[PDB]
There are 2 protein chains.
Amino acid sequence: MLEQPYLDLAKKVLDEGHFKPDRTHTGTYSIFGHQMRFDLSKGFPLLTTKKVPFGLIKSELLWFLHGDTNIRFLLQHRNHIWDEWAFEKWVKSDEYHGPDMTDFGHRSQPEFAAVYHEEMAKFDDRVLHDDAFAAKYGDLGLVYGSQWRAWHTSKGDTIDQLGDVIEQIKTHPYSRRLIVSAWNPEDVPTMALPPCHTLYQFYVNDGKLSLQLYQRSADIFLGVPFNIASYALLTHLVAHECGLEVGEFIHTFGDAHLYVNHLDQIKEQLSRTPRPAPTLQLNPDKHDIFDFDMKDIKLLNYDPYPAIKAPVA
Amino acid sequence: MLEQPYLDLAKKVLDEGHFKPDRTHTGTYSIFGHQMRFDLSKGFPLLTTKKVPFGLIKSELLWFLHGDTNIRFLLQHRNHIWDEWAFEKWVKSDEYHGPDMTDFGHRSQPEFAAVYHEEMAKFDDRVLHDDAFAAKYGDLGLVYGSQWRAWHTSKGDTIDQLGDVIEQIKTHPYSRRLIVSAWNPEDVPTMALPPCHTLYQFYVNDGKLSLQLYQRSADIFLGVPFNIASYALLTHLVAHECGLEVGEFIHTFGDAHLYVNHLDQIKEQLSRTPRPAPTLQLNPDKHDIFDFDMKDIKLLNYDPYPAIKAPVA
Ligand SMILES: Cc1cccc2c1C(=O)N(c1cc(-c3ccccc3)ccc1O)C2=O
Ligand SMILES: Cc1cccc2c1C(=O)N(c1cc(-c3ccccc3)ccc1O)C2=O
Ligand SMILES: O=c1ccn([C@H]2C[C@H](O)[C@@H](COP(=O)(O)O)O2)c(=O)[nH]1
Ligand SMILES: O=c1ccn([C@H]2C[C@H](O)[C@@H](COP(=O)(O)O)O2)c(=O)[nH]1
């Protein structure tokens, strides 16, 4: 089945992974250096054995593809995937007054979880309808939108890294320099989250576009399914714009890990039986992906087992 | 045998690789996305089935480790691996007078090869003994020494990327952010050679340092053996400085390819039988690798079959 390599990865870290301390003081079981392939000709790698909301994937990737870094666009699609990072600079700012919000994400795991959900609703509506607030606390800064489409240069300017590589694929498809990078040595030592999706690379041979992601670290239970779909989607999108058929998505990992408190959740999922893979439908009559909207992308026959509970990693 | 994964890679591209046009107008047989592992506890991955001069590896890696970008240091060790790039800016410069040196590297493949070797001897001695010349034509600029140790920042400064990551490994060994990057989006669109060794990543779990290289494109016959040894050496060196034992070197590839005119050479080599792996000896009494000299690194029991002829890729 198309998602088997995901299920083998979970199972490999289960059986032969070693205990590794981590930055968050959860325990992990970890392996270093791993590689999965997904043949995109065969269908779309949205796990069927655990629900992954494709609406969430596509709205975030479109956020990225527009060069957007403000939570507002996500919110207008009720995509709450980055909310907690924006909240960070609201709570801790010289403009915040309210109840205690230190360790917010950490201590929300049982009575605090009630007032927290309260301030987060006040923060979301405010970002939605208060432009100056949005500008100050809604904008994430150095997230994948700027890195891909507005990369800051030593000379004061800004480089459209992904735009330029697409023209390269169009014009020199056989080039082995088709790299988009999210890793800025000037920025990583002090940034909130150095990008886990460090670098990707396009490849064209005989009508097919492929992509390989180098992911420096991977939460197997929560992150990976979402990460497979984002970058498999991007492969399709870029193929679509270049008039190419779709090849493989290759997921390469640095530290691929299972958090200690996701062990039961993973055992639950491994006893589930993969269902026929959904198929991706892209707008046949629109090709300029930076101008893509939600309706331009549709998934057919997605048939997941339910979502599985977590504690957040 | 320790080098089997190299021999399987050659054999995989032989049997299931597809013909791909390239930048140099040679033909290639190519595959996209590949991953080899070398257990460094088992011995040193210097191919025995084809001679790889370790002297050349170590002098180049020391060049890098010092932040050096001038051909002069290489030359003092009779390391001619980068000469042709420096020559480039001499021949084509507003200071060159002599016989025709256009396409120099390309047309040197039968009577031209005599006068070319002549100007290259005049260029090498000149760089060796003429400091101002050395400064103008000996210095390569944006090669791995600056990228690793003097990375230029938007604010006019220069970042010691590799120095800083070593302190990180020392101080936060379990960090999943131990990345050194050679890929600068500001520089790649106009540079002579965008680095093939795009990015590497360190990993520590239970006393062992590992490293993974993301190599964007790989000449299997000429480049790869040299590339395995460079980065396996760096793994040992960094382990040595951090007081760690050695784990795995993981070589990950974008476009791993066999040039069309290296097919016989590769078939010759596959009929050779791997010999017991050499063992690496590092100075037990010196640990600061940026202060390492040639004598600080020794290889024991290296026992290669002869070198194999080529046309240069
Ligand atoms: C990089 C970055 C930055 C901020 C915030 C998130 C991420 C991120 O990667 N994710 C994420 C969430 C889920 C998830 C899983 C179950 C339920 C809800 C969300 C799954 C995969 C993910 O990668 C973030 O929420
Ligand atoms: C990146 C870069 C830049 C300039 C110049 C060289 C390289 C390079 O990688 N090499 C190289 C040479 C040989 C080689 C093979 C047989 C004989 C002599 C040399 C093997 C592997 C190599 O990677 C360069 O010469
Ligand atoms: O898109 C993402 C973003 C984050 N992570 C996970 C990996 C790590 O568990 C954690 C990041 O922590 P560090 O690697 O930066 O330490 O989040 C993912 O898996 N995918
Ligand atoms: O250290 C190196 C440097 C270069 N190459 C090879 C790969 C390609 O065949 C060629 C570089 O050409 P491009 O990938 O930039 O097109 O040199 C290597 O294998 N290893």
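Residues numbered from 1 in each chain as written, not as in the entry; some residues may be left out. Chains lettered and ligands numbered in written order. Heavy atoms only, no water.

- Structure determination for this PDB entry was carried out by X-ray crystallography, with a resolution of 2.400 Å recorded in the header.

**Structural notes on the site of ligand 3**
Reasoning step 1: Within the structure, ligand 3 sits among 15 residues, and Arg 23, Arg 216, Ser 217, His 257 and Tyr 259 of chain A are positioned closest to it.
Reasoning step 2: Looking at what sits near ligand 3, you find residues from chains A and B.
Reasoning step 3: A distance of 2.4 Å separates an oxygen atom of ligand 3 from a polar side-chain atom of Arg 23 of chain A.
Reasoning step 4: Here an oxygen atom of ligand 3 sits 2.8 Å away from a polar atom, N or O, in the side chain of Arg 177 of chain B.
Reasoning step 5: Relative to its unbound accessible area of 450 Å², ligand 3 is 85% covered by the protein chains. (Near = heavy atom within 4 Å. Polar contact = N/O pair within 3.5 Å; in protein donor to acceptor, adjacent residues only side chain to side chain. Areas by Shrake-Rupley, 256 points an atom, 1.4 Å probe, with all protein chains shown as cover.)

**As for the pairing of strand 1 (residues 18-21) of chain B**
All names here are of chain B.
Reasoning step 1: The pairing of strand 1 with strand 2 (residues 27-39) spans 4 bridges and is classified as antiparallel. Pairing of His 18 across the sheet is with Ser 30, part of strand 2.
Reasoning step 2: The turn linking strand 1 back onto strand 2 is made up of 5 residues, and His 25 within it adopts a positive phi angle of 65°. (Pairing = 2+ DSSP bridges. Helix = DSSP H or I, 4+ residues; strand = E, 2+ residues; numbered from the N terminus.)

**Some points on the interface of chain A and chain B**
Reasoning step 1: Contact with chain A, which involves 53 residues of that partner, is made by 53 residues of chain B.
Reasoning step 2: Looking at the side of chain A facing chain B, the largest losses of area belong to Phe 32, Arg 176 and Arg 177 of chain A, adding up to 21% of the total buried there.
Reasoning step 3: For the pair chain A and chain B, the interface holds 4 salt bridges.
Reasoning step 4: Taking the shortest distance from any N to any O, the salt bridge between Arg 176 of chain A and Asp 22 of chain B comes out at 3.6 Å.
Reasoning step 5: Our count for the contact surface shared by chain A and chain B stands at 26 residue pairs in polar contact.
Reasoning step 6: Contributing elements (two or more residues each) for the side of chain A that touches chain B: strand 1 (18-21), strand 2 (27-39), strand 3 (151-152), strand 5 (179-181), strand 6 (197-204), strand 7 (208-219) and strand 8 (245-259) of chain A. (Contact = heavy atoms within 4.5 Å. Buried area = accessible area lost by both parts, 1.4 Å probe. Salt bridge = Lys/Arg side-chain N within 4 Å of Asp/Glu carboxyl O.)

**A few points about helix 10 (residues 223-242) of chain B**
Reasoning step 1: Over its 20 residues, helix 10 of chain B runs 29 Å from end to end, which matches the ideal 28 Å to within 8%, given 1.5 Å per residue.
Reasoning step 2: Positive phi shows up at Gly 243 of chain B, right after helix 10 of chain B, with a value of about 70°. (Expected span 1.5 Å × (residues − 1).)

**Focus on the UniProt feature "binding site: dUMP" in chain A**
All names here are of chain A.
Reasoning step 1: Per the UniProt record, "binding site: dUMP" is annotated on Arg 23, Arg 176, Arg 177, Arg 216, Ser 217, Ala 218, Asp 219, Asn 227, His 257, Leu 258 and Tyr 259.
Reasoning step 2: Mapping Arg 23 onto the fold places it in the loop between strand 1 and strand 2.
Reasoning step 3: Take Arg 23: its relative accessible area is 47%, and that puts it in the partly exposed class.
Reasoning step 4: Here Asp 219 lies in strand 7.
Reasoning step 5: Polar contacts involving the side chain of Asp 219 include one to the main-chain amide nitrogen of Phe 221, which spans 3.4 Å. (UniProt positions renumbered as here; feature names shortened; annotations may be inferred. Buried < 20%, exposed > 50% of the residue type's maximum accessible area, 1.4 Å probe, protein only.)

**Details of a nonpolar patch on the surface**
Residue and element names in this part refer to chain A.
Reasoning step 1: On the surface, a nonpolar cluster with roughly 250 Å² of combined accessible area is contributed by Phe 19, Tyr 29 and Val 260.
Reasoning step 2: In this structure, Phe 19 sits in strand 1.
Reasoning step 3: Here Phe 19 falls in the partly exposed class, since its relative accessible area comes to 45%. (Patch = residues over 30% accessible without salt bridge, like charges linked within 9 Å, V, L, I, M, F, W, Y side chains within 5 Å.)

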